[PDB]
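Undergrad: After the structure tokens below, expect a handful of questions from me.
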Ligand SMILES: Cc1ncc(COP(=O)(O)O)c(C/N=C(\C=C\CP(=O)(O)O)C(=O)O)c1O
Ligand SMILES: Cc1ncc(COP(=O)(O)O)c(C/N=C(\C=C\CP(=O)(O)O)C(=O)O)c1O
Ligand SMILES: Cc1ncc(COP(=O)(O)O)c(C/N=C(\C=C\CP(=O)(O)O)C(=O)O)c1O
Ligand SMILES: Cc1ncc(COP(=O)(O)O)c(C/N=C(\C=C\CP(=O)(O)O)C(=O)O)c1O
């Protein structure tokens, strides 16, 4: 973007703004444009636009001045060629798949996918005859194999993963896949463009659920996909039909929230790590999952491709369903609810929060234990948090 | 909704509000809830909810207090059992199709479909092996035939149509289809729940593009589908995955717009009609399309199932491309752009506006003439508009 | 504004928008600019601006692109030179007085002032040694007298009045006052720029409480003063200090509200009148206050300077406190609350609603009776409203 | 507030939210309530409210559920009894003075007042016979003298000051004034409730211009006053008339901004300091004003009552008007404009920016020099900023 702005934080702030917006104003912030359509001063011009000689969004579902800003902004951050913004994370992945994976084509994902993302791939995609292979995040062999066995159209996975924050050696995978013509999409939601640059590591496309960190205020939903033009455009097209456009007001809220992106991540990155270690050492804490810790399976990878380890920490408690429950129930600061990444701290028992619809057996089918607890550290003062968490594990 | 509320207008205003909201407040208007998630006081309750003993949206992609209002409201109007709200019309149709039509199933639609709506059905759906039969709005025979030839899963069309405002004898069609187990979905966008009750006429599902009349202010996009629970819910489920969630702020904006729905429709219904006739009589006006006119092919139907005829009026001008253009360029009140149904008056030359990507020949393939002009009458004073339009033709 | 627009409604819609905004955009609606300040490209320019060679709001408290629109719009409606926008009606009157009336100066107002507006003049202004003379709206003699007795700086009154909707022969008063150098300010809140043009009738300044009709959606507060430049500017200056700036978001909501000003008024102007007559005739209705009725004291004046009679209707019920209460309690559509002018209907018993802090005696001191009812007809269907009202006018 | 909230930051986040809102919702964020009035279910209740037996804002100008939150929030932060929120800082001071200072009363303020704030006191107040004494921030003697000479009704000043960030030994002054019955009001705008607690140091009332740090995003104006009930309430009353109500939407933006208050301040507190030092050591920098520097006149006081020194840094350059201008013009990151405290960095030449209306001589009358530059460090990366400022300074 600019030769003077070299720090991500600085960018996040003035990215796609300080230099120009395309919507001239002597205002500091971006103006929220609430329009359903864009006009023309005369048929002559309209033709020009239609003939690719002028620029216009034409219809709101195709673009918005107040949105593009955030689009370029994120683009700059991830250092991408272009970025797209849907109405929600799920939308993005959804569209992305439907757009890139041809009919009858094959795809490769990890085992630690996010609940819903899984269902889509396992129930909808097959309708299009799109088959998939589910390998473990680490198991690079399986990938290399599958790469040769079938004709992979695209490899897709989130790194860190959910909720065990498992990580994929992006650079490596990227290499393998590209050797077989496969495409690589990394859901760096948990990571954040600040703690890693999937695109830089070789990944083809990187998408985020701005609902979490980017907006980081727990008050807006939004999808987001960034990558090479020739690629992202193909999706935007399909997007222009599925109509999952993002409202301006939402867009703005994200821009504003990203004004203090670095600040928020920084703090969370710490609190988490420190709180992580503290928990691991705790007797009542059976296990702790966090890329920052040395105990983490791919810690060496995290250390190699990341600069931070997110603000989400998962850990099993030394008890059972009701016991673990007792724990979270004791907490006083975090809110018991889904989502994560906002200033407000949140906690939840995945087993119940997003898997209660299954049997104890079918649950364990995917590491989901009744002890497993997911802590999304907010931005509250560390000491305040720790004391709460501690005062909690005590009640058990 | 209420016994003491019988006129549509009165409903549109107080529908799903005057009696209660679910979010207790001594405030007149509906409060805009900007949350990305909902919390619980204790694990105990969370369980209850999960076990269907308590009520909660849980996540923002699944529901919102500031949205449900609008949901119930529209439900009340269309006199439906339950309504759903997407991020945009296109979203609705899209989902609904992908949700109801099984893989390899067959569907029946009309020829006067809206551009994009067409494409989806002709390019995406086929990927799921879903075939379709395109018949003329009037051609009831073709329908009855197709009904017996293949196994129709659902009949879908808009009434009035776009842009020739063709109308489908809903009551009749409904009967035929239901005889063969097919489902009927009517896109009464142009109609508006005020000018017609497709659901009452027997239709299974009626959907609208709130972007137009419902919001009627040209500052927000929104999809909307109403109908029976057992049905709409099946969609809501898939919607919870494709994530085309509507933002609370947008929702409210519609709630506000519908506060004066009738008032707005009423005036538009007039101006349109009156202006229509004046146009038909004009020498320079080759042809005029409008259900209100006696010249309209299905006027007898329009007169039978409708109470008004929208504010949109299409008409071919006695000239050619450049000539017709010269006309619109002369106008001083309406804006030249897509969309319609807002207080502001809008005009466009479909040929260019949304078909310029095709050849003169391929264009005519669907009645789209270079003369054809689509006038979306705003809410400005009649005389002002008339004088404008006339003074415009004055130069051709 | 333009030549093609001749009806107020048409204006209210495209006033200060259709032709240009000063904030170039190809969007239909006005963009909400959320900025606290405005920048410059270089010191050179800043100087220019400071030297009145360039244009800029500099600080938000001095202006806003999204506000000025609404400013020019109202200007056009009232046919004024320039208009100002405060945070609330009260602010307007407040500022206006503090701005024009010199220290120790004298002022003349009517007896039927709005509660608070009264207190200010009776408790604050005296601090600046500003004395006042309270005359009866009709009593033109008293005015002519005072005009000669003391040295009147400005005559200020609302027409119609609150809550007895009394009316002042603007043209006449204007003439008298100006003969003595006094200024005239009319609070045409109840009237609305559509039902009368105080400025055209000679008034110096006309102010409204956009909180009511202009916004007409019961979801925003706003002051508003229109008049000649040389005058209004003197107020804007003081305004730039008292800092009662109006928020952009608020401004927009008004502009949006005014997009259907005529439509709403028109309907209310009817419902009220019709309902009024019906009420007068009713046996349980002791008295009815409404300029539209022939029974109204200044009906001949109303008929001469207005074109409509608002939507507010006051009337005493044939009972007492508890009885009148029983009436309003029976109503099902209107909301028991202050304010008025919104699509939603509202009712209140001034005696309690805004005078319960006084004694039964001190209350009657100003016509406020325990029977007095103030009905602010919404936009709901007439029949629906009437049925309701009657259904109550019988449970007594 | 609560127990589990000991750190300011933690408070700023969950202050007046985590435990309850008064507007029940299972939502994380506070819901924006856009209403102009509040209703009642029956006359009976209304009476209750009017008789102080129930609670209700009645009218929007008197309160809003979405506002009170921010109110209590700030209250908690400053550790006050109650807080009030105006439409803009200026409004606050304005109302505050007009509300507390009786007619003919006397007041004492410092010489480094903010431009506008000065004028009001020097032009309006005198209309109410309110005389004032202007002493230097440090000159306690003058204060102690005035205290005995006349009958001071209230001592008012800002600390730090603008733009020389001078500081007042709050504790001391408070002690003296309270001995003579005077009231103390501190404008801790520059400080921020995080860098100092005027109320704790003894001050009677502390006010802020949320337009700056509190909102910290340069997209909203808002005044704010906190202090003891018996006091603040007296202001809220007059405020209920001058009608300088703050809009809900605006209120929310602040609430959202304060979600990361500490984070923001922290960073700015550093950058400023560090940058300060660097500047002072610079050869081209003639002088530097910052409470954090040892060179600062009241550094020992700042060090004793503050924990931080804001992000605002003033410094004179070794050149002249045109030279200093050349400097700021060279800057690439900060915007040249008024205001300060938002994530975006801002610079300005007080001489021109807010004193160009005066003569070179009348300007110097108050330390305002053509070299004087006020830098409000944003949140961008330090190195990024430094490099800029540096590269800037060289141009000379
Ligand atoms: C890695 C990842 N990717 C994509 C999404 C979907 O993005 P969207 O929500 O903006 O559409 C989510 C959602 N994550 C959660 C939301 C879950 C909803 P559920 O808890 O299953 O009802 C969560 O709790 O962590 C996620 O964790
Ligand atoms: C009956 C009907 N239904 C549903 C939709 C789509 O709803 P959505 O836009 O909210 O997704 C439309 C769009 N109609 C138009 C919009 C077109 C977009 P274009 O102007 O072709 O780029 C139009 O003819 O003006 C329509 O005419
Ligand atoms: C003619 C008129 N002018 C100016 C104002 C004050 O402007 P603002 O409200 O926008 O600040 C009012 C308020 N009127 C009412 C509001 C009253 C509030 P209360 O009932 O005293 O609590 C009413 O008659 O219902 C009014 O009726
Ligand atoms: C200490 C202090 N107090 C109160 C106010 C007024 O609050 P409000 O702005 O929210 O009404 C200001 C304004 N400060 C500035 C605003 C100046 C306006 P200008 O552009 O100089 O006319 C500034 O430091 O640049 C201030 O610095």
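Chains as they are written, first to last, in the deposited numbering: chain C, 50 to 445; chain A, 50 to 445; chain D, 50 to 445; chain B, 50 to 445. A virtual CB, placed ideally from N, CA and C, is assigned to each residue, including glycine.
Can you tell me whether DSSP reads residue 417 of chain D as helix, strand or coil?
TA: Against the third chain, residue 417 of chain D aligns to sequence position 368. Of the three classes helix, strand and coil, the one that applies to residue 417 of chain D here is coil, per DSSP.
Undergrad: Assuming residue 55 of chain D contacts residue 433 of chain A under a Cβ cut-off of 8 Å, what Cβ separation, rounded to an integer in Å, is found between them?
TA: The residue you call residue 55 of chain D lines up with position 6 of the third chain. The residue you call residue 433 of chain A lines up with position 384 of the second chain. Going by Cβ atoms, the distance from residue 55 of chain D to residue 433 of chain A rounds to 6 Å, so yes, they are a contact pair.
Undergrad: Tell me, please, whether the CB atom of residue 436 of chain A is closer than 8 Å to any CB atom in chain D?
TA: Indexing the second chain from 1 puts residue 436 of chain A at position 387. Yes, contact with chain D.
Undergrad: Going by alpha carbons, who is nearest to residue 252 of chain A out of A:193, A:206 and A:413?
TA: For the purposes of this step, residue 252 of chain A is taken as residue 203 along the second chain, with counting starting at 1. Residue A:206 is the option with its Cα nearest to residue 252 of chain A.
Undergrad: Nearest to residue 340 of chain C by CA position, among C:322, C:328, C:377 and C:334, is which residue?
TA: Here residue 340 of chain C refers to the residue found at position 291 of the first chain. Selected option, being the one with the closest Cα: C:322.
Undergrad: Heavy atom of ligand 2 less than 7 Å from the Cβ of residue 188 of chain D, yes or no?
TA: Residue 188 of chain D sits at position 139 when you count from the first residue of the third chain. Because no heavy atom of ligand 2 lies under 7 Å away, the Cβ of residue 188 of chain D does not count as near it: no.
Undergrad: Would you mind reading off the limits of the alpha helix (DSSP H) that contains residue 234 of chain B?
TA: As a working note, residue 234 of chain B is residue 185 in the fourth chain. Residue 234 of chain B -> not in any alpha helix (DSSP H); beta strand (DSSP E) instead, spanning 232 to 236.
Undergrad: Would you mind sorting residue 423 of chain A into buried or exposed? The rule is 16 or more other CB atoms within 10 Å of its CB.
TA: Looking up residue 423 of chain A in the second chain gives position 374. Residue 423 of chain A comes out buried.
Undergrad: Taking the Cβ atom as the reference point for each residue, do residue 388 of chain C and residue 108 of chain A lie within a distance shorter than 8 Å?
TA: Translated into positions along the first chain, residue 388 of chain C becomes position 339. Translated into positions along the second chain, residue 108 of chain A becomes position 59. Cβ atoms of residue 388 of chain C and residue 108 of chain A: closer than 8 Å.
Undergrad: Verify the contact flag: residue 110 of chain C, CB atom, against every heavy atom of ligand 2, threshold strictly below 7 Å.
TA: Reading the first chain from its first residue, position 61 is the one you call residue 110 of chain C. Yes, ligand 2 has a heavy atom inside 7 Å of this Cβ.
Undergrad: For residue 295 of chain C and residue 269 of chain A, what's the separation of their Cα atoms in angstroms?
TA: As a first step, residue 295 of chain C must be located in the first chain, where it is residue number 246. As a first step, residue 269 of chain A must be located in the second chain, where it is residue number 220. Cα to Cα, the separation comes out at about 10 Å.
Undergrad: Quick check on residue 149 of chain A: does DSSP put it in helix, strand or coil?
TA: Residue mapping note: residue 149 of chain A aligns to position 100 of the second chain, counting from 1. Helix at residue 149 of chain A.
Undergrad: Would DSSP call residue 348 of chain A helix, strand or coil?
TA: Indexing the second chain from 1 puts residue 348 of chain A at position 299. Note: residue 348 of chain A maps to helix in three-state DSSP.
Undergrad: Below 8 Å on the Cβ atoms is my guess for residue 400 of chain C versus residue 369 of chain C; work out the distance and round it to an integer in Å.
TA: Within the first chain, numbered from 1, the residue matching residue 400 of chain C stands at position 351. Within the first chain, numbered from 1, the residue matching residue 369 of chain C stands at position 320. Wrong, their Cβ atoms sit about 11 Å apart, outside the cutoff.
Undergrad: Whole angstroms is fine: what's the gap from residue 112 of chain A's alpha carbon to residue 123 of chain D's?
TA: As a first step, residue 112 of chain A must be located in the second chain, where it is residue number 63. As a first step, residue 123 of chain D must be located in the third chain, where it is residue number 74. Roughly 39 Å between the two C-alpha positions.
Undergrad: Any beta carbon from chain A within less than 8 Å of residue 88 of chain B's own beta carbon?
TA: Position 39 of the fourth chain, counting from 1, holds the residue named residue 88 of chain B. It does; some Cβ of chain A falls within 8 Å.
Undergrad: Let's see if you can read the secondary structure: which residues bound the alpha helix (DSSP H) around residue 301 of chain C?
TA: Here residue 301 of chain C refers to the residue found at position 252 when the first chain is read from its first residue. Here the alpha helix (DSSP H) through residue 301 of chain C covers 297 to 307.
Undergrad: Have a look at residue 262 of chain C and residue 310 of chain C and give me their C-alpha separation to the nearest angstrom.
TA: Here residue 262 of chain C is taken as the residue at index 213 of the first chain, counted from 1. Here residue 310 of chain C is taken as the residue at index 261 of the first chain, counted from 1. Distance between the alpha carbons of residue 262 of chain C and residue 310 of chain C: 8 Å.
Undergrad: Does residue 389 of chain B have its Cβ less than 8 Å from a Cβ in chain C?
TA: Translated into positions along the fourth chain, residue 389 of chain B becomes position 340. Taking Cβ atoms only, chain C never reaches closer than 8 Å to residue 389 of chain B, which makes this a no.
Undergrad: Where do the N-terminal and C-terminal ends of the alpha helix (DSSP H) with residue 274 of chain A fall, by residue?
TA: The residue labelled residue 274 of chain A in the question sits at position 225 within the second chain. Residue 274 of chain A -> not in any alpha helix (DSSP H); beta strand (DSSP E) instead, spanning 272 to 276.
Undergrad: Quick one: residues in its chain with C-beta nearer than 7 Å to the C-beta of residue 148 of chain D, no 5 flanking neighbours on either side, listed in chain order?
TA: For the purposes of this step, residue 148 of chain D is taken as the residue at position 99 of the third chain. Excluding positions up to five away in sequence, the list reads 283, 284 and 287.
Undergrad: Check for me: the beta strand (DSSP E) holding residue 202 of chain A runs from which residue to which?
TA: For the purposes of this step, residue 202 of chain A is taken as residue 153 along the second chain, with counting starting at 1. 201 to 207 is the extent of the beta strand (DSSP E) around residue 202 of chain A.
Undergrad: Going along chain B in order, which residues have a C-beta closer than 7 Å to the C-beta of residue 308 of chain C?
TA: Numbered from its first residue, the first chain carries residue 308 of chain C at position 259. Correct list: 266 and 392.
Undergrad: Answer yes or no: does any C-beta atom of chain B fall closer than 8 Å to that of residue 83 of chain A?
TA: The residue you call residue 83 of chain A lines up with position 34 of the second chain. With 8 Å as the cut-off, residue 83 of chain A counts as an interface residue toward chain B.
Undergrad: On the CB-based measure, 16 or more other CB atoms within 10 Å of its CB, does residue 184 of chain D come out buried or exposed?
TA: Along the third chain, read from residue 1 onward, the residue named residue 184 of chain D stands at position 135. Buried, by the Cβ-count rule.
Undergrad: Below 7 Å, is the gap between the Cβ of residue 388 of chain B and the nearest heavy atom of ligand 4?
TA: Position 339 of the fourth chain holds residue 388 of chain B. Yes, ligand 4 has a heavy atom inside 7 Å of this Cβ.
Undergrad: Which residues share a DSSP beta bridge with residue 397 of chain A?
TA: On the second chain, residue 397 of chain A is found 348 positions in, with the first residue counted as 1. Residue 397 of chain A is bridged to A:423.
Undergrad: Listing by chain order, which chain A residues have their CB less than 8 Å from the CB of residue 137 of chain C?
TA: Reading the first chain from its first residue, position 88 is the one you call residue 137 of chain C. Correct list: 110, 292, 293 and 294.
Undergrad: Could you work out which residues of chain C lie near residue 384 of chain A, taking near to mean beta carbons separated by less than 7 Å?
TA: Numbered from its first residue, the second chain carries residue 384 of chain A at position 335. Within 7 Å Cβ-Cβ: 88.
Undergrad: Is it true that the CB of residue 232 of chain D sits closer than 8 Å to the CB of residue 202 of chain D?
TA: Taking the third chain and counting its residues from 1, the one referred to as residue 202 of chain D is at position 153. Taking the third chain and counting its residues from 1, the one referred to as residue 232 of chain D is at position 183. Result yes, Cβ atoms of residue 202 of chain D and residue 232 of chain D sit closer than 8 Å.
Undergrad: Can you tell me which of the three DSSP states residue 191 of chain A falls into?
TA: Translated into the one-based positions of the second chain, residue 191 of chain A becomes position 142. If DSSP states are grouped into helix, strand and coil, residue 191 of chain A belongs with the helices.
Undergrad: Quick one: measure Cβ to Cβ for residue 255 of chain B and residue 100 of chain B, integer angstroms, because I've assumed they're closer than 8 Å.
TA: On the fourth chain, position 206 is the one that residue 255 of chain B refers to. On the fourth chain, position 51 is the one that residue 100 of chain B refers to. At roughly 34 Å, the Cβ-Cβ gap does not stay under 8 Å, so residue 255 of chain B and residue 100 of chain B are not in contact.
Undergrad: Check each candidate in D:151, D:177, D:392 and D:236 and name the one with the smallest Cα separation from residue 306 of chain A.
TA: Within the second chain, residue 306 of chain A is the residue found at index 257, counting from 1. Measuring from the Cα of residue 306 of chain A, the nearest candidate turns out to be D:392.
Undergrad: Using the DSSP secondary-structure output, state which residues sit across from residue 365 of chain C in a beta bridge.
TA: Locating residue 365 of chain C in the first chain gives position 316, counting from the first residue. Bridge partners of residue 365 of chain C: C:336.
Undergrad: Could you give the uninterrupted runs of the beta strand (DSSP E) lying entirely in the segment 108 to 175 of chain C, keeping only those of 3 residues or more?
TA: As far as the segment 108 to 175 of chain C is concerned, its whole beta strand (DSSP E) runs of at least 3 residues are 131 to 133 and 155 to 159.
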